Amino acid sequence: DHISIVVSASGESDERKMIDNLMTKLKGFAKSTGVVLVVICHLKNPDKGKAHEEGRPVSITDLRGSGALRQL
Amino acid sequence: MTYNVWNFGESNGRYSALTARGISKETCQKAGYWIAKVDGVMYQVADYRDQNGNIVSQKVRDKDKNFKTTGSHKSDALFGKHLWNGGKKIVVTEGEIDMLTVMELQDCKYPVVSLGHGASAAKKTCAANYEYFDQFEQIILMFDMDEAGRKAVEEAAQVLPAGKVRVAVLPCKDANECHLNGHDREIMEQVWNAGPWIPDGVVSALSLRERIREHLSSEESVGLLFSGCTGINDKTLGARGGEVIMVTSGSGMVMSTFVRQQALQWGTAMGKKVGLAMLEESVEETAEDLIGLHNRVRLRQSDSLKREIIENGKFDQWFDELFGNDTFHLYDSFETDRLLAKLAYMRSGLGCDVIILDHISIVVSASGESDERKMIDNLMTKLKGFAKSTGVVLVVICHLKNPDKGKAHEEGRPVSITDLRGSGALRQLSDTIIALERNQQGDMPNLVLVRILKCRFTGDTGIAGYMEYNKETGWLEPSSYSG
Amino acid sequence: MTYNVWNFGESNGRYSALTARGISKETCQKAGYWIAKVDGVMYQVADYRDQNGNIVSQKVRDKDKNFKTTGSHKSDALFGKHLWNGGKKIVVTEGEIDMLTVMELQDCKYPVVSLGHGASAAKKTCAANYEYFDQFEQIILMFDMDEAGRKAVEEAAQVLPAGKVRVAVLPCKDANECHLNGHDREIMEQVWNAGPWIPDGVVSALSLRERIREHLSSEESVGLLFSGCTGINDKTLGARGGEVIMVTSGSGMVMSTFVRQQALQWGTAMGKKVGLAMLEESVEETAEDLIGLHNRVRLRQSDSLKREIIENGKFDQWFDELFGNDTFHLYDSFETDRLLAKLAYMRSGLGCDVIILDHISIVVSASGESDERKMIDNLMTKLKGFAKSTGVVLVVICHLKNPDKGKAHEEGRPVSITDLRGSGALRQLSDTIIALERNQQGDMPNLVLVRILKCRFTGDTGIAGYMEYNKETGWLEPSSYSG
């Protein structure tokens, strides 16, 4: 519950990048060991008109990260 | 060059039984524990060989509890190692004698090796041997049953392969103390089927029953009630420990009063110890603002009264009155990491249950870094961590960016979470968001509105009530009002 | 191998009383301070055992001040540690002898341990033992009363658990120097009830009484009243020393008058010595502007009058009249550091209590550096420093960037702190912000508004009154005005 929290090893830039690094280790863990890994993850916030509580549907573009999750 | 490996025979070697330890003669013979005697005195020699069979080093003993190490004792030395290459299960003991022990009890038929530098070098010796150990299905750490011995296990398993390590648990200091009249059978029950671990943070649910029960009674639904506007309470059900309350609003000093007020009633009405990091102002200043607020008088804001109470003794009186219950404590200033640390000791050391952090906008000290946009978030988290990790109540004040859209902040303009500063961390990490609006050029220039902008614990949000500034006493009084 | 642990008896051991230190024989016996004698010479042996009881290491002494350390002296060694597992309070002394001391004075009934490598390894030895020490309610650091000894305390408490640490304060170097004829009762008054600390910036409120009461008398309420608009005063309560008042506004010469006016009444009505750094103009010019202003006549702005008062003696008269109280002093020009230095000597040397610095916008001299955005801030701070550090009142004039949004400055357009120049330093470091607006093409082209844009000391802000320009006398007159 809730990938957005990375946490501990501080001297490093974009959560953009790091989110991805963890993402893979996870998918590895997953496939490597056959466990089912549900991973919760929260949404960045539009800038476009209708918010989240206004229902606005979400796409994979609508996705957070920078591709790892949108993939892995 | 290095100390020559001791030749058997050259030094008057015998494979004799260690009668003092209940290790048989036949046993010492198989692991390579021989008894030499050079230049007069009789030494105990342990032969360390590599997986290939040769002897690469020796650990020699004399009676009195000395040593002498021959050959080249590499960082990966395991005594016994050469005997086993593969298997379903390998016990790994602290020292050579304990290896000799398990090797008995088992009629030397299964694998045991001992740590090369054992004790302290558990981590290094082990990781040096990942491959060797992975040759076996499960690795049973049978180390010392003491302070540094449990530690050894810990550091060991950390570097050892996957789900294979299991901790041995004996009745006595070591596996030999057991054998030496006691409980052979106890050692046995562990070699077959030891506990399985190092989970130092994994915690099955079953094993929480008690911790839960005592939680349920201890911590409270109606945590700490906001004061000056039932409403704040009605909607948020209070400031529960480990939460992160976030007070925000426009120009609001209204804001800095509201927090102050809460600080006040929590540290007096309620029993709670408040800790204050009012980064804006001095520590003396805030204390005055408290005292005056407590006595419903605008204390700093008045030459005359200051003088008056200094002289008429009322100061020392009021001061005792409010403070003399060691319940208020302030961070006094002139980094991010540096601050957080201070705040923590407030929580941990003086054990206050609220920490009010006035005005997150001030990051401060470690300068070579870009957007306060980003950094505001970084701190945000350390904070929420501090919070949940320690169950302290963390109120955090925070000021608003300024529209660009038509009506300003003193024009009342309501605030949304979009209206929010930061770039997401607060807009997220905060548990309750209380905002206060004040149209200081209007119908009630002293009327201030309270939006609950968010409240995890309830999710009941919205307009929550009104207060009115008493320019005279300095308080945010509660007010009548609605549609 | 490592130096074998010294066997009692093997070395001719006796538990004898240390007559040189006032440690009884019975005492040395309990902590494990025994007196051996090997190969001829008589050594003092300290027995370090782990919590389990077993002797893990020895620290041996000979007469002349040497050592010899037996066994394995781990980074967590505490001499006496094995004696206590829990308790309400544990004294922790620098060395073994001092442990023996507290162990006396108390008839060995309470806990004392000594640092394993004491002196310098205070941080390491301590944090190695967090758990062990947390077994007790309060940890009393009774270290050396010297340079490195106070430091030891500091590094120690840093790594030690929460709000448990309290520093011992003895009359002499150590707890034994006390015992050795002096003040046993001094050591006692510390073991019980010794004062707590080790937070270097956290400060319980209770512990501020005094600092507060001297504050309240010392610092002051109605400091120096703005002239020409009670309002400015009403809202700001004046220009208190060490503050940094910041006057701003559009094209405002209005601004440069307002400041001038203030300078005027402060240095004449009030006793105060004004120092002026009018960077825009010459020193002679500003002096004329003052004289004229004081005599309600537009002096420089008039060929005829100049001549007139030069001849009719009125100049020399007016000049004496205004100036001859050595109360005005000006920085006269043709760097940032260089300026700040001059300003300081005004404060420190001639001891003026107000410095008016007309027009921050002018940084000047040290050219190889980017944004005035950034640099404006750098100066800003040195200034606020200067201010608070020396208690001088620093008024600082500052001009406004120009909108890009519709109505200009001479179109009256109000100003906000966003509306602010700089990039945050002034928007911050300044204590009161007075702004003056003037819609010089309108209904009252001579009417000027005063916003208080900010005021730490009171936080009462906003529209604060009006004045009117007398194009004729040159003054900012106070005016009737509202809704």
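To match Swiss-Prot, the residue numbers of chain C are left as they are there, and the shown ones run 64-397, 401-549.
Note: Cβ is positioned from N, Cα and C throughout, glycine not excepted.
The domain 'Toprim' annotation in Swiss-Prot covers C:151-238.
Marked as Mg(2+) 1 binding site by Swiss-Prot: C:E157, C:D207. In this structure, C:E157 (Mg(2+) 1 binding site) belongs to neither helix nor strand by DSSP; it is coil.
The secondary structure of C:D237 (Mg(2+) 2 binding site), as reduced to three states from DSSP, is coil rather than helix or strand. With a cut-off of 8 Å between CB atoms and residues at least 6 apart in sequence, the same chain places C:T156, C:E157, C:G158, C:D161, C:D207, C:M208 near C:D237 (Mg(2+) 2 binding site), listed in sequence order. Under the heading Mg(2+) 2 binding site, Swiss-Prot lists C:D237, citing experimental evidence as support.
Sequence-distant neighbours of C:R361 (site 'dTTP/dATP binding') (same chain, 6+ residues apart, CB-CB distance under 8 A): C:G355, C:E538, C:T539, C:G540. Annotation source Swiss-Prot lists site 'dTTP/dATP binding' at C:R361 (among others).
On its own chain, C:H465 (site 'dTTP/dATP binding') has C:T311, C:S312, C:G315, C:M318, C:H425, C:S427, C:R487 as residues at least 6 apart in sequence with a Cβ closer than 8 Å to its own Cβ. Summarising the annotation, Swiss-Prot assigns site 'dTTP/dATP binding' to C:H465 (among others).
Counting Cβ atoms from all protein chains shown, C:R504 (site 'dTTP/dATP binding') has 25 others lying within 10 Å of its own Cβ. Summarising the annotation, Swiss-Prot assigns site 'dTTP/dATP binding' to C:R504 (among others) and lists sequence analysis as the type of evidence.
What Swiss-Prot lists as site 'dTTP/dATP binding' is C:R522 (among others). Around C:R522 (site 'dTTP/dATP binding'), the same-chain residues six or more apart in sequence whose CB sits under 8 Å from its CB are C:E306, C:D497, C:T498, listed in sequence order. Annotation note: C:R522 (site 'dTTP/dATP binding') sits in a coil segment as assigned by DSSP.
C:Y535 (site 'dTTP/dATP binding') is surrounded by 21 other CB atoms, counting those within 10 A of its CB over all protein chains shown. Feature annotation from Swiss-Prot assigns site 'dTTP/dATP binding' to C:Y535 (among others).
Annotated pair C:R504 (site 'dTTP/dATP binding') and C:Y535 (site 'dTTP/dATP binding'), C-alpha to C-alpha distance, rounded: 10 Å.
For chain B, the nearby recorded positions by a Cβ gap under 8 A number none, drawn from C:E157, C:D207, C:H465.
Its own atom aside, the Cβ of C:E157 (Mg(2+) 1 binding site) has 25 Cβ atoms within 10 angstroms in the protein chains shown. According to DSSP, C:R504 (site 'dTTP/dATP binding') is assigned to coil rather than to any helix or strand.
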